[PDB]
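Shown next as structure tokens: one chain only, the form deposited in one PDB entry.
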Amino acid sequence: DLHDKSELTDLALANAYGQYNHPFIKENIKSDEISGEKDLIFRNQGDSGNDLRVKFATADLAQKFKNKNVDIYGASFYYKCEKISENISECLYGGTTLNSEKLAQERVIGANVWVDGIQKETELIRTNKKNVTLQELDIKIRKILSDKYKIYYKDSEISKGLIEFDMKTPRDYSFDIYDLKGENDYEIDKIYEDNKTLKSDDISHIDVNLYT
């Protein structure tokens, strides 16, 4: 039972359309500043000079990355992002991996895609990270699905969709693309606050099934 796009508000759709098409990506930056037990602050490193607040589910996660060089890839937002200082604060959940943890060669993952059961062109996503967040993978697939199938347009035909990430062992992860937790990003993106990370070389493939 997949959620229908009709259940979403115009604001939820517009927010999803914006964030999945414009991921926040930063390579090799470092915060030695914890805020509110569970957040790391990167001053001046958000978009357009803004400060970045990266939010984690736990103090242990924030502490793991404190004073480490990291790469960030995640969905960013402003509304309800807790103020840091005088500069504008931009936020993101998780999306964080150690910059030193890199593969010997790029991993390219293929996604088989179907719309009403009809097979569409394979989609390809890639990473050089030894450990990659599930958030990054999800965003890279939703970006292509948005580009090609307009999944977050209000009037486009797609009304249901599931993305499944399968490992080389019997373990998978999945996202129902219309099961948004709220209409604002600060709530929607909490699905990434666990900073869930997968070993890139243990990922097998991705399945995308969309329906009208």
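Don't overthink the numbering: it's just position in the shown sequence, from 1.
The stretch with the higher mean CA B factor, choosing between 31-39 and 48-56, is 31-39. 4-12 and 203-211 differ in mean CA B-factor, and the higher of the two is recorded for 4-12. Of the residues listed, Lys143, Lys64, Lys160, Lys150, the entry assigns the biggest Cα temperature factor to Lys64. Within the listed group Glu121, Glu136, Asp71, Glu82, the record reports its top CA B-factor for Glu82. Sorting the modelled residues of the chain by their CA temperature factor places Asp116 in the lowest third.
Ranked within its chain, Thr127 lands in the lowest third, by CA B factor from the PDB record. In the PDB entry, a CA B factor belonging to the middle third of its chain's modelled residues is recorded for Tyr173. Annotation for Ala75: C-alpha temperature factor in the lowest third relative to the rest of the modelled chain, per the entry. Residue-level temperature factors show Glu164 in the lowest third of its chain, judged at the C-alpha atom.
Below, we refer to the form deposited with a partner chain bound, which is not included among the displayed structures.
Among residues of the shown chain, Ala111 is one whose heavy atoms approach the partner chain to within 4.5 Å in the bound PDB entry. Interface membership of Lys168, defined by any non-hydrogen atom within 4.5 Å of the partner chain in the bound PDB entry, is confirmed. Proximity of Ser85 to the partner chain in the bound PDB entry: non-hydrogen atoms within 4.5 Å are absent; the residue sits far from the partner. Although the partner is absent here, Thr122 sits close enough that one of its heavy atoms falls within 4.5 Å of the partner chain in the bound PDB entry.
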